[PDB]
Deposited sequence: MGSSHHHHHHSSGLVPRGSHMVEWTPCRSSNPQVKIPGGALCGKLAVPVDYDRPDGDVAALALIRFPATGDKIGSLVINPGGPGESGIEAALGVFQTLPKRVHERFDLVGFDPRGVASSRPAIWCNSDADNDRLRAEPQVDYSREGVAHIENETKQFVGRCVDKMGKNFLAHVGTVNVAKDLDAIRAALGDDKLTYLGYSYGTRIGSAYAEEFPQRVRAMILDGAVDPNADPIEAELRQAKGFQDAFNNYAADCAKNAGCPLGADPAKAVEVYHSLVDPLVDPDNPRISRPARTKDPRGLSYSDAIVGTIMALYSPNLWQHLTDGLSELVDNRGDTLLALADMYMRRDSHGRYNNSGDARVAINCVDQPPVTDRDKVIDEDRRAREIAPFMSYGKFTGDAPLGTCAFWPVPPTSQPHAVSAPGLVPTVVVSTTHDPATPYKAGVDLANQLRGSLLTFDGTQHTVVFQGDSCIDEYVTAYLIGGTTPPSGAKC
């Protein structure tokens, strides 16, 4: 890797070629983008991070993380982020939707699960999969999965001059981690997995656990807000879900589920029901955003939706010129190849039945007896991985950080990952998704000690 300064730190940027198909090593090539913040003291090696998603840029993440890196870590490690194959600055980038495509979807309430509804959604999905194949070709799409990102990660380790890998992975990044752990166990110096993905999970049950996670974060946010003056969800947290629906349900035409009646906003779009739900989900990643949710809901009381629109934009990664980054398109393409998709109609219909009961804050009206297949049921390229218990017997002891009320990657998933990995569980008591290098000096203390000294947290370490 020829490094160059970056066109906000001591930052150096560079590229790395990897083969698109590893079985055809001298074929098409991808250029992975890399950023590096050199260590200030005695360098142990590079701390390579990944934010997850998938579709999330590691370069962007390293820039953020840089501001909150502890001084002992920054002394001893190059902070290094990278964009996985097909993501962000890596070429070729995954793209399916135009900016207009994304906008057009987000304007729809996406709430009608009648047969006509389901046919509509499923038709949009086919057109989406078509735009993917059109712009990317089936070969690149076939090899964007974690199984090959794991292999890129070893190339990155090597290219960085490290004998063994020191890795911090958040969320989906914990899948990269455990995958790398299984293929290159003898190359792992240290590894922290914060916000855990259990590769052995049933996809449907995981989804339903994630729905439960967000409904509980909703419960927690609303109980908090109920103690506060002028809570837009009311002073009785047992009624917050209903009150929430009295605020968002009118964004859908009562006699016709397909008609959006958006709340007024300074932006031309206004706020659709779907964007209202998305912005809510976004705010529930972190208590840091609870104030914003409370603002967004107070706005709704006046038929305004500016803050919720801005939250959904944050989630959707839409800048203020209405341009999207490719994280949405990459996320799907990568998710779709990491496991076999659910194609059974009945299971999909049953999940919806169960989801409406587990997470009412998210569901609109009544169970209809029908539900759409996910985008992955229509993928033109087969899964390059498959659910299994992580098995990496000689793996160095790793640290899994799991948060008690994490809506995105629930606590138990952290427990199970640590189990399979035979590593350490460090609990964070909180209602948020991930926590490492995000202000909590206790967590950071354990993580610093593990990174430098190799010292794992004691059994039952809580923080």
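Residues of the deposited sequence with no modelled C-alpha atom fall in the ranges 1-21, 29-36.
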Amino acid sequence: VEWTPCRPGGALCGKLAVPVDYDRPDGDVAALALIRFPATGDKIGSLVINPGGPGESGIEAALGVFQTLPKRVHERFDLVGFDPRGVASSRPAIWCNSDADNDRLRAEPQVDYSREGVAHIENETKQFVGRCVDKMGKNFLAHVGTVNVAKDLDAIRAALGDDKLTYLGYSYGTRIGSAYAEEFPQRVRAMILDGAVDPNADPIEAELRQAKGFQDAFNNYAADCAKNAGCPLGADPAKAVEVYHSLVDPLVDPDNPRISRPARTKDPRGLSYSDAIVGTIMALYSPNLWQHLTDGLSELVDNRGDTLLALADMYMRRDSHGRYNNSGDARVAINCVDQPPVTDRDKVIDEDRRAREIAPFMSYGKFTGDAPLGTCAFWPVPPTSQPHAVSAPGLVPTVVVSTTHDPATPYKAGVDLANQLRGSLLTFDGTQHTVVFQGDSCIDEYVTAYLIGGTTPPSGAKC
From here on, numbers count along this sequence of modelled residues.
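Higher mean CA temperature factor between 100-108 and 130-138: 130-138, per the PDB entry.
Between 207-215 and 160-168, the higher mean Cα B-factor belongs to 160-168.
For the set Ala408, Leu426, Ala30, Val415, the maximum C-alpha B-factor listed in the entry falls on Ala30.
Taking only the listed residues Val118, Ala359, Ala93, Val252, the entry reports the highest CA temperature factor at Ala93.
Ranked by C-alpha B-factor against the other modelled residues of its chain, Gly53 falls in the lowest third. Residue-level temperature factors show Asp319 in the middle third of its chain, judged at the C-alpha atom. Ranked by C-alpha B-factor against the other modelled residues of its chain, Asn419 falls in the middle third. Compared with the other modelled residues of the chain, the Cα B-factor recorded for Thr265 ranks in the highest third. In the PDB entry, a CA B factor belonging to the middle third of its chain's modelled residues is recorded for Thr404.
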